[PDB]
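Summary of the model geometry
Single-letter residue listing:
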Amino acid sequence: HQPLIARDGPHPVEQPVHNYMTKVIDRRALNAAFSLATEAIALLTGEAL
Amino acid sequence: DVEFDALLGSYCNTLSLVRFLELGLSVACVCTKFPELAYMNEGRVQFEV
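Residues numbered from 1 in each chain as written, not as in the entry; some residues may be left out. Chains lettered and ligands numbered in written order. Part of a larger assembly, values for the part shown. Heavy atoms only, no water. Residues with missing side-chain atoms left out of burial classes, pairs and counts.

The record names cryo-EM as the way this model was obtained, at a resolution of 3.1 Å.

The following block contains the structure:
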């Protein structure tokens, strides 16, 4: 809401102004990886018991 | 519309099961389990004389 200064003279009379707006968020999903393969895949889980 | 008697003596013997021990042929090998040889990725038996 912007303010204003009351001003004397042949100046145009000042009217309060109000600024209404909206943004939007961004996304940018972040990725990390992994790898496990074969032998150590079935080493972990029942299969070695 | 028939009838089935079953012989008491003289059973049929379907699928005799041979065990690998009790053969004549197993003298030649000594067997051990290396239940990690699925994932062994190369093995060597080293006996030193």
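1. Observations concerning the overall build of chain B
Basically, it comes down to this: Every helix listed is a DSSP run of H or I at least four residues long, and every strand listed is a run of E at least two residues long, numbered separately from the N terminus.
The helix and strand inventory of chain B stands at 0 helices and 0 strands. Taking the principal axes of the C-alpha coordinates as reference, chain B spans close to 70 × 30 × 10 Å.

2. Brief notes about the pattern of salt bridges
Pairing between side chains becomes possible if they bear opposite charge and their charged atoms approach one another. The cut-off we apply is this: Salt bridge, as used here, is a side-chain nitrogen of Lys or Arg placed within 4 Å of a carboxyl oxygen of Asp or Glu.
Counted by the stated rule, this structure contains 1 salt bridge over all chains. Measuring nitrogen to oxygen at the nearest pair gives 2.9 Å for the salt bridge that ties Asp26 of chain A to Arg28 of chain A.

3. Notes on unusual backbone geometry
With a phi angle near 60°, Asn13 of chain B is a residue other than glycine that sits in the positive phi range. The residue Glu42 of chain B is not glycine, and still its phi comes out positive at about 100°.

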